[PDB]
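A short worksheet on the structure shown next.
Only this structure's heavy atoms are used, side chains among them; waters, hydrogens and symmetry mates stay out. Position 1 is the first residue of the sequence; numbering continues from there.
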Amino acid sequence: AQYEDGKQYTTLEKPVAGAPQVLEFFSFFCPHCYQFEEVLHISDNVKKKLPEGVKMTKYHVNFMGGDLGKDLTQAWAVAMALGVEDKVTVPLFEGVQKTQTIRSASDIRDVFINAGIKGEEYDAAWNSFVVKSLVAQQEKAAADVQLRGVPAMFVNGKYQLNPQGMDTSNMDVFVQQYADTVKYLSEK
């Protein structure tokens, strides 16, 4: 074919029922995730090519950056509950990896305050049980698919994107190939 198992994607030996249609995993500690987010805008270019009536989910993971890693997964859960993913994603990445000014939960909280979420509203969300389950969901979905590395994309719990098997000479070309692959897998 032109799209072969083991080449632009791999297939899960243990498929995952009821999974989100397009499921992406990242870490604010993950260097390629930074690339994927602010240089390549993968999430965004995938969205643009998906059929629709298809929803896109993105989750943070715990296995990078120890204690601060977990804090970031809760903070992402807060982002998700308040719907402020778009206002914090970039300063969260740059605070962990570029400026290195995120060193504690409090520094994470600063990013939200500066992004305009209110302390009262952030602390309330942070501590809410809706956020607890949303953390639980994030962990469960990573658990369901044997996740040991990020970035990672899964399409209906049975296909996993394999970017090592795509050309990287041209970034735009890598992105199109990536998204088209998601689209092909979407339709499968």
- Identify, with sequence neighbours excluded, every residue that meets salt bridge (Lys or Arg N to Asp or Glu O under 4.0 Å) alongside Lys58. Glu24, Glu37

- Task: Please name all residues satisfying salt bridge (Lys or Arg N to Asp or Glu O under 4.0 Å) with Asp107, sequence neighbours left out, ordered by chain then number.
- Result: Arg103

Show me the pairs that pass disulfide (SG to SG under 2.5 Å) and involve [range], at least two apart or across chains.
range: residues 94-179; result: none
range: residues 32-148; result: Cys30-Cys33
range: residues 92-156; result: none

- Query: Can you name the side-chain hydrogen bond (donor to acceptor under 3.5 Å, both in side chains) partners of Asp167, sequence neighbours left out?
  - Reply: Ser169

- Item | All side-chain hydrogen bond (donor to acceptor under 3.5 Å, both in side chains) counterparts of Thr57, not counting sequence neighbours | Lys55

- Message: Filter on side-chain hydrogen bond (donor to acceptor under 3.5 Å, both in side chains), then keep only pairs touching residues 72-86, sequence neighbours left out; what's left?
- Response: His60-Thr73, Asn62-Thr73

Identify, with sequence neighbours excluded, every residue that meets side chain to side chain contact (heavy atoms under 4.5 Å, CB included) alongside [X].
X: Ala136; answer: none
X: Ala179; answer: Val46, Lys49
X: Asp144; answer: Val16, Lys140
X: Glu38; answer: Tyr34, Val90, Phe93, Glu94

